[PDB]
Amino acid sequence: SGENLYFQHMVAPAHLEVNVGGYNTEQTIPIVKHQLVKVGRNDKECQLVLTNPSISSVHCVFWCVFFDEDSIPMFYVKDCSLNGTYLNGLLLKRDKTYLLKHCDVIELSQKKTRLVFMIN
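Residue numbers 32 to 151, in the numbering used here, belong to the letters of the sequence shown in order.
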């Protein structure tokens, strides 16, 4: 399991840049194949943990699927929260899968933490 996830880094196809108060912290969370990246309050479940009281246990999730003989990457986000997740300032519909584009900004309803999605 560990070796397999290691080798998916062998550049990650995308990553989240963690942004606090408008500025990058320098932390990145890679988005690699065959992993679900969860953001929320629950450390057992989440790869990135936010403690703001409005944040859900699992607030939003990120993953990718490579289609057509591993040639066309699609990157997804899904809101799982009570109070909402914003994509470029726009409220996602809860439990609906949304396709991400390079430089999209994800804000969890909560200065504030934003996640900047970057394709590599």
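Positions of the beta carbon are idealized from the N, C-alpha and C atoms, including for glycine.
- Taken atom to atom, the span from the alpha-carbon of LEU118 to that of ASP74 is near 23 angstroms.
- Taking 9 angstroms as the cut-off, the beta carbon of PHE93 is found closer than this to the beta carbon of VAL68.
- Under the 10 Å beta carbon count, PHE148 is surrounded by 16 or more other beta carbons and is classified as buried.
- In the structure shown, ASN114 adopts coil according to DSSP, grouped into three states.
- For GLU34, same chain residues with a beta-carbon under 7 angstroms away, outside a window of 5 residues either side, do not exist.
- In this structure, the straight-line span from the alpha carbon of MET105 to that of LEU131 is close to 8 angstroms.
- Nearest C-alpha to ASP126 among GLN66, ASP135, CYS134 and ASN114: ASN114.
- Of the candidates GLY53, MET41, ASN83 and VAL49, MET41 places its Cα closest to the Cα of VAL63.
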